[PDB]
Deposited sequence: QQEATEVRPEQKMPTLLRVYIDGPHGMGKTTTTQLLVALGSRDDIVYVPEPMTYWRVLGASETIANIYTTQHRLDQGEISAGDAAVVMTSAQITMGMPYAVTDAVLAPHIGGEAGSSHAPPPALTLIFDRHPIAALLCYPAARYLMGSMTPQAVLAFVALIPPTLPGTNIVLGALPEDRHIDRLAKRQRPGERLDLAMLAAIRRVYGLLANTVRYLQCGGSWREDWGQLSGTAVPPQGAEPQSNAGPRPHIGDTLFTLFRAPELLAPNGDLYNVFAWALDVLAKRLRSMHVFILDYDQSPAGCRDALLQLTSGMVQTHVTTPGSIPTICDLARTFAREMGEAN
């Protein structure tokens, strides 16, 4: 029986992330490590043309009052659909090879991913929800879609003080991307409410038993994303969310409840960061692979991905 360690490096944009991955795989470590980059080529080319562009453009156009919110909403939403597709189809072809969580022995393979599905399917959609560019209802469709959480889902988030983080963002700018402090501060809030609802849920937290606290480190319903959904458009005349929306919070729960969050302090020098990441690795969960031939396939798969969609490495 073998294990394969999957590490899902995430958090908001411009926080040492891609820098510390190529510095972690630079250690000359044998090919037991498979690094998969952002699906950027899907983004810029094969998916749509400069999808990144639209997101950041449609915002200026929105902020500078040149479209109705419902206009920014609809583009902002296909922006998201097209953003996530590539994270999903992968996760689809990787699922049938993932056996149980054999605790934390050495993994015969270690996948280091640049961003995990819920970045494009929950986090950003939620940030735009706060940015007036995404609709509560649309946000929860992505929520209602988030594929079943697989075993061994170790998600590595981040930590850097607003200031030094801002400074970092302003030292590199993406292809067709603008600089947005609100959208920044926004994401930083989703990446907290999220890495907070895990902790909370993991500790027996139930959004339904806690709802009326919202009405008016051990976190409460108030520190969870669940707050963001106490929006007018989702509440019936009785003040209770409609069940359409209600059930979907249950879905959302069951997805986050089973995740393995860790948070690396990006406050250090690139090398040390990766050292830390490397150390976090130890206590992470590893999983058996259903088919004995799975590992190689799980290799090719991600290797093929990074071949076809990594404008990074």
Open item on the list: Please report every deposited-sequence interval that has no C-alpha in the structure, sorted by position.
Closed with: 1 to 12, 117 to 119, 232 to 246
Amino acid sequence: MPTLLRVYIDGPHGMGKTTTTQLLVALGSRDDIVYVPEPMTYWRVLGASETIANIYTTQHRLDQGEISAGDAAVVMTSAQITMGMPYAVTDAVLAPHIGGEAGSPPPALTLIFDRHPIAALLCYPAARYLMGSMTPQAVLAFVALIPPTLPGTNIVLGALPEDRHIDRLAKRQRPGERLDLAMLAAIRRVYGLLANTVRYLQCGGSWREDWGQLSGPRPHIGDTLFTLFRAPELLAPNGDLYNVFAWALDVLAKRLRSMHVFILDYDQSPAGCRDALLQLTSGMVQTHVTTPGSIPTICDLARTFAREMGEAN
From here on, numbers count along this sequence of modelled residues.
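Take the two forms, find the largest set of C-alpha atoms that superpose within 1.5 Å, and that set is the rigid core.
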TODO: Please indicate which stretch deviates more in 4 other deposited structures of this protein: 217 to 225 or 185 to 193, judged by C-alpha RMS distance after a core superposition?
DONE: 217 to 225
Open item on the list: Across the other PDB entries of this protein that model residues on both sides of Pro105, is it left without coordinates in at least a third of them?
Closed with: yes
Task: 53 to 61 set against 271 to 279, stretch whose average Cα temperature factor tops the other in the entry - done: 271 to 279
- [ ] Going by the average Cα B-factor in the PDB entry, point out whether 218 to 226 or 138 to 146 comes out higher.
- [x] 218 to 226
Task: Candidate residues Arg128, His116, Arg164, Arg199, the one whose C-alpha B factor the record puts highest - done: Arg164
Task: Peak C-alpha temperature factor (PDB record), options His97, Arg208, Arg174, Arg188 - done: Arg174
Open item on the list: Could you place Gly192 in the lowest, middle or highest third of its chain by Cα temperature factor, using the values in the record?
Closed with: lowest
Open item on the list: Can you tell me whether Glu66 has a C-alpha B-factor in the lowest, middle or highest third compared with the other modelled residues of the same chain?
Closed with: lowest
Open item on the list: Quick check on the deposited entry: does the C-alpha B-factor of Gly239 sit in the lowest, middle or highest third of its chain?
Closed with: highest
- [ ] Taking the chain's C-alpha temperature factors as the reference, tell me which third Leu169 falls into: lowest, middle or highest.
- [x] highest
Open item on the list: Where does the C-alpha B-factor of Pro37 rank in its chain, lowest, middle or highest third?
Closed with: middle
